[PDB]
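A quick write-up on the structure given underneath.
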Amino acid sequence: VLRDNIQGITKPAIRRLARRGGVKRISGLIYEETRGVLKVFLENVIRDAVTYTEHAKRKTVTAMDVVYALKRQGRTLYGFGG
Amino acid sequence: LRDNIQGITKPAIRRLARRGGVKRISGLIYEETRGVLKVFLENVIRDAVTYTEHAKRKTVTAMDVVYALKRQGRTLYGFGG
Amino acid sequence: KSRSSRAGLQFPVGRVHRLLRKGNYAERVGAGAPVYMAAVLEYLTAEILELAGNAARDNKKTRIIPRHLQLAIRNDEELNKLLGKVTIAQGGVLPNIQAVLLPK
Amino acid sequence: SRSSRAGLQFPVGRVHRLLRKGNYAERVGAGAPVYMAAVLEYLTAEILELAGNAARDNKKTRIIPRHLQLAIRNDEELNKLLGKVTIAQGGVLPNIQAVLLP
Amino acid sequence: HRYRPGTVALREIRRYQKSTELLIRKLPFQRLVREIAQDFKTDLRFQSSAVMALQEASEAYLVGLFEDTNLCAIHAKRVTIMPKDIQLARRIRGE
Amino acid sequence: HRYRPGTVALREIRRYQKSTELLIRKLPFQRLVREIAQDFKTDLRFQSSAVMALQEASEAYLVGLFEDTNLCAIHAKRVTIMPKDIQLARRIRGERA
Amino acid sequence: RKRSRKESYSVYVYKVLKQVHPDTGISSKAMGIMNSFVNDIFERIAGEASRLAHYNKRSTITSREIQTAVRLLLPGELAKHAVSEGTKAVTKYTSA
Amino acid sequence: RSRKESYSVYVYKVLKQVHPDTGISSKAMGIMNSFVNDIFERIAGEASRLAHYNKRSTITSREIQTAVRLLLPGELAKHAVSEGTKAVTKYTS
DNA sequence: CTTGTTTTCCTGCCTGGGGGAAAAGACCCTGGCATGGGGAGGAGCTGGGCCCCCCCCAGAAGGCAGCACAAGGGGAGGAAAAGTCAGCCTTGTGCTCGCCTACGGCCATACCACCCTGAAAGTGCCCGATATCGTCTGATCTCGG
DNA sequence: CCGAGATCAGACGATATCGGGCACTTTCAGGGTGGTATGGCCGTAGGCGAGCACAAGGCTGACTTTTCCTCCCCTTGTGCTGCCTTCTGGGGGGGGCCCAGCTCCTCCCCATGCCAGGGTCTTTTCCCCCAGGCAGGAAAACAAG
């Protein structure tokens, strides 16, 4: 819960996402690039969500905080409030 | 008032391409870019004209243009704010 | 009678008045501000619900779900443009296969 | 005045009235205009330091839109902040692809 | 009997475009999310709806990125996507 | 004496990236803008600052498009930008989906 | 103790659903998404009208600002039909 | 006859404090005015939405702190909240 | 192209679980009263955008030589894809603690409304001085042999 | 690696249009008083989030095989670039004028603050109807022959 958690979006999972994305053939160097891309995106969103939470004088990262964080980055998320 | 699009000549599009770092240019790039600029200008002119009609003005102003381009993400500095 | 009943809108005109007032959108808020805006919201919701119910019927399902909602959104060209940077939760993706990656 | 008391150069009163009359929220605090004026002052000084440095590097003593656009597009953080602004009379940074380079 | 290389890839594509489920596993995704949030603020708590929202945003973003990278790879006269395609896609869209 | 094909192109690239003028013709750009606004509304007026604003924005837009289409051309094992490069750049940027 | 009651657009969404297609149900998440949709478009158009009025220096937001905000924020056909329906509704509100 | 208010008198003075040697052209000065009339509109509006989310109706300096922390990159934030808080403390003390 | 081989959609049957209807609270919607303030309309000014005429010269246009790069074809190799086997950890179930968010109550102090006042910015005009045009050289890159 | 050829860069005479300074005014921040109301702090319960066993079976990791793809090299031919010359319209000037934009005064019509009371909006129960599981059957591609 503290280290080496990026190796949890396994090669079968990235393959699932890519096959949903229409890719037929996948190079063996694609997985370690998609992992990094997801890590940077999650940093980008969770930073704003945690900032909203700490401003609200709270301790629990809430669905509304996450939705606000996505909304700021032009990533409006439907279904979890708003 | 007909086909002013051809006023953007092949030399001018080549000027813009060389500004953009293009070394070699095909023969259909000019017409493709003419279509692209026509579409973009249509969008921005639509927004600015709608601003002017809301103000009921008869002139299109630099501030209207800046607002119309800001609403499309292409924020324009230098000409008001 | 009530403003919603007056114009036939199914939408809370008075509540929209409250939201406009307390939203700090203007110091004064006109009386057409909520009728017109409730009409816009109602029409857009009606259109998206129509297309979503159609998408639901296309899968022989009588319960509209995020799948059908996003199918309507990403199949209608205009609504995808309106909601381009909008992510639907648990809706899938549009089924596309490029021509190059197909059996010969 | 408040600007003299706090040492701020940008108009604390003017930004306070802009905040109050712009219909942002019912009430505006007293540390709000100090904070906002300090932020704008620092950020415009940050732009000006780089713009003046760029002008000096070209032996020119007059800031121009081209100089400010160069400063924007060259500084990494300022490029991210002003990522989608089309500075009038700015051009673009000299940059040629290596494959086209001989 | 063995299938010709590629037809199961197309079957996977079809099966995985017909479904609306979630593809990354919930427990490792939640562990990754908590690890990432640890840096921003030590000892936080995370609502289940919030972490599910993060998953349903991240997976959709990845799907869009993969579609655009596939478009790049096809443009390069290929069928196989590559880190070059991924990098070009991001550098063009502005990420 | 003649120059090799490409050495004039690179010099034109450098000479223009170091410069900042408006690379399109002003009078027929303004005429194009008027023709475009004609359908939206009849007998419109146009502030000179407004039309200069539109040109100064459109030039930057096209220059960005031409440094993205250029990257596509370099991607596709080429040095010549192509219409297909323009289309790919616009699809991936999100102008036509 | 009593908890602060929440608020939503669900009743009106149900009415419009039963008006357009009175035969197909809707899920809890397919309700949350529609609530997000209606409130997001509400905020978008309200902000557009607010900026329009503040630029025009008109202290009250009216049908003019709402109509022009719709014309500016919705793509062509949606903007046209939204403007038409809003106009026909404001006519009835003015009359009735 | 009408008068227009701008940020020019202040922008020129902060220039003369940071780089006291060179001046500004009219177009560059308009660029700066548009820039400081753009970041202002970003921060005030987004702090307003923070206050709306927290169910308040008052833009306290904490809203502006969070607004800078959200609309600026990392080091820009570290170097902007510092000035904001320093000025706030100086204002009373 | 026949035929064997996996995969996939269909369907009948039963189950389960959560959405659509009923029951009562609750909280602020609509009508009505008193009000004051911003905008609709109507002079007034005036100012700049449309329009034309004229001259010049630099840039577009067209062609011609020639050339080097886009595209098709060939071939080797090598790394994904499909298949199978072992093990492992995701998760669905059921449970306990606790603590953090929120609702309520009290008051409190700091920001809103309102009057004077003087003081800093907007305006217009004038002075100097700095980026720029021209042309002469100097430095530099390019191309054929 | 050799010399011609075209190109880019600097710099001093000079200049004018533009940046900086000075004096007024004219609007607008600021001080003082009064007041409230939105917000900060204390109390409390409660509902949901963190930590925890227990499988088990679907899922992941890993090794083989081959097979179809990727990538480098050859060649051509064909549209693309470089240079020269015609001529054409962009650009600079000069002036006119005409309608359209900004100001200001009035006052009125719609927007604003408050009263009370009910009617629509909100939370809780329940069940049955539509989603879901699943084993067997027929249709469908697939690929080696």
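Within 10 Å of each Cβ in peptide G:1-11, how many partner chain Cβ atoms are there on average? Round it to a whole number, please.
Values: counts 0, 0, 0, 0, 0, 0, 3, 1, 6, 0, 3.
Partner-chain Cβ atoms within 10 Å, mean over residues of G:1-11: 1.
For the protein assembly as shown, what does -39500 (n - 2.57) per DSSP helix run (n ≥ 4), summed and divided by total residues, give at 222 nm, in deg cm²/dmol to the nearest 500?
Working: 33 runs with 473 residues, N = 750.
Calculated from helices alone, the mean residue ellipticity at 222 nm is -20500 deg cm²/dmol.
Report the extension gain between residue B:39 and residue B:10 in nm, rounded to one decimal, defined as 0.36 nm multiplied by the number of residues separating them, less their alpha carbon distance.
On the way: separation 29, 0.36 × 29 = 10.44 nm, distance 1.83 nm.
So the chain would gain 8.6 nm between residue B:39 and residue B:10.
Any chance you could check the Cα centroid distance between region D:1-69 and region E:73-92 for me, in angstrom?
What the calculation gives is 43 Å, centre to centre.
Please state the charge dipole magnitude for chain B, taken about the Cα centre, from unit charges on C-beta atoms (+1 on K and R, -1 on D and E), reported in debye and rounded to the nearest 20.
Numbers: 17 positive and 7 negative charges, 74 e Å.
Magnitude of the dipole: close to 360 debye.
With the cut-off at 20 Å, tell me which of the pairs B:70/C:85; B:23/F:84; B:10/B:38; E:77/F:77 have Cα atoms farther apart than that.
Numbers: B:70/C:85 17 Å; B:23/F:84 17 Å; B:10/B:38 15 Å; E:77/F:77 10 Å.
Checking Cα-Cα distances, every pair stays at or under 20 Å.
So, with +1 on the Cβ of K and R and -1 on the Cβ of D and E, and no other charges, what is the size of the charge dipole of the protein assembly as shown about its Cα centre, to the nearest 20 debye?
Details: 135 positive and 68 negative charges, 87 e Å.
Computed about the Cα centre, the dipole is about 420 debye.
Give me the net charge of residue H:38's neighbourhood, meaning all other residues with Cβ under 14 Å from the Cβ of residue H:38; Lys, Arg count +1, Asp, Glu -1.
+4
What GluC sites (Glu not before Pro) does region C:9-97 have in DSSP loop regions with at most 14 other beta carbons within 10 Å?
On the way: sites: C:27, C:42, C:47, C:50, C:77, C:78; in loops: C:27.
When the GluC sites (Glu not before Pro) of region C:9-97 are filtered for loop state and at most 14 Cβ neighbours within 10 Å, C:27 remain.
Exactly which trypsin sites (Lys or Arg not before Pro) in chain B are in a DSSP loop and have at most 10 other Cβ atoms within 10 Å? Spell out each step's value before the answer.
On the way: sites: B:2, B:14, B:15, B:18, B:19, B:23, B:24, B:34, B:38, B:46, B:56, B:57, B:58, B:70, B:71, B:74; in loops: B:2, B:23, B:56, B:57, B:58, B:74.
Passing sites in chain B are B:2, B:56.
I'd like to know which of C:99, C:19, C:8 lies farthest towards the positive end of the charge dipole of chain C, counting +1 on Cβ of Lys and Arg and -1 on Cβ of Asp and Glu.
C:19
With +1 on each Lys and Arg Cβ and -1 on each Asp and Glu Cβ, how big is the dipole of region H:1-90 about its Cα centre, in debye rounded to the nearest 20? Intermediate values should be presented prior to the final figure.
Values: 15 positive and 8 negative charges, 61 e Å.
My answer is approximately 300 debye.
Rounded, prolate or oblate, given the Cα gyration tensor of the protein assembly as shown, with a/c below 1.5 counting as rounded?
Numbers: a/c = 1.29, a/b = 1.04, b/c = 1.24.
Note, shape of the protein assembly as shown comes out rounded.
Taking square-rooted eigenvalues a ≥ b ≥ c of the alpha carbon gyration tensor, is region C:58-104 rounded, prolate or oblate, where a/c under 1.5 means rounded and, failing that, a/b exceeding b/c means prolate? Could the numbers behind the result be given before it?
Details: a/c = 2.33, a/b = 1.39, b/c = 1.68.
In terms of gyration-tensor shape, oblate.
What's the longest piece of chain G with no exposed trypsin sites (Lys or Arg not before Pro), counting a site as exposed if DSSP puts it in a loop and it has at most 10 other beta carbons within 10 Å? Don't jump to the answer; show the numbers that get you there.
Details: sites that count: G:1, G:2, G:3, G:5, G:6, G:57.
That would be G:7-56.
Going by how many other Cβ atoms sit within 10 Å of their own, how do H:48, F:49, D:4 line up, fewest first? Show your work: numbers first, answer last.
Details: H:48 21, F:49 16, D:4 9.
Ranked by crowding around the Cβ, least crowded first: D:4, F:49, H:48.
Calculate the spin-label point distance for residue B:3 paired with residue B:57, positioning each point 7 Å from the Cα along the beta-carbon direction, and give it in nanometres.
3.5 nm
May I ask you to derive the relative contact order of chain B, considering only C-alpha pairs under 8 Å and at least 6 residues apart, and to give it as an integer percent?
Values: 42 pairs, mean separation 16.0, N = 81.
Here the relative contact order equals 20 percent.
How large is ³J(HN,Hα), in whole Hz, for each residue of region A:27-38 in order, when computed from phi with the Karplus curve 6.51 cos²θ - 1.76 cosθ + 1.60 and θ = phi - 60°, using x for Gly and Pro?
Along region A:27-38, the couplings run 5, x, 9, 7, 5, 6, 8, 5, 4, x, 4, 4 Hz.
Using only Cα atoms, find the angle between the long axis of helix A:63-72 and the longest principal axis of chain A, and express it within 0 to 90 degrees, rounded to the nearest 10.
Roughly 70 degrees between the two axes.
What FRET efficiency would be calculated for the residue pair residue C:77, residue F:15, taking the C-beta separation as r and a Förster radius of 35 Å, to the nearest 0.05?
That gives a FRET efficiency of 0.20.
Rounded to the nearest 0.05, what FRET efficiency is calculated for residue E:27 and residue F:39 with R0 set to 51 Å and r the Cβ-Cβ distance?
Working: r = 58 Å, r/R0 = 1.13.
Efficiency computed from Cβ-Cβ geometry: 0.30.
With a ≥ b ≥ c taken as the square roots of the eigenvalues of the C-alpha gyration tensor of region F:7-93, please select rounded if a/c is under 1.5 and otherwise prolate if a/b is larger than b/c or oblate if it is not? Can you show the working numbers first?
Working: a/c = 3.13, a/b = 1.67, b/c = 1.88.
Since a/c reaches 1.5 but b/c is at least a/b, the shape of region F:7-93 is classed as oblate.
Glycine also receives a Cβ, built like all others from the backbone with ideal geometry; neighbour counts cover every protein chain displayed. Read-outs: derived from the displayed coordinates by stated rules, not from any lab.
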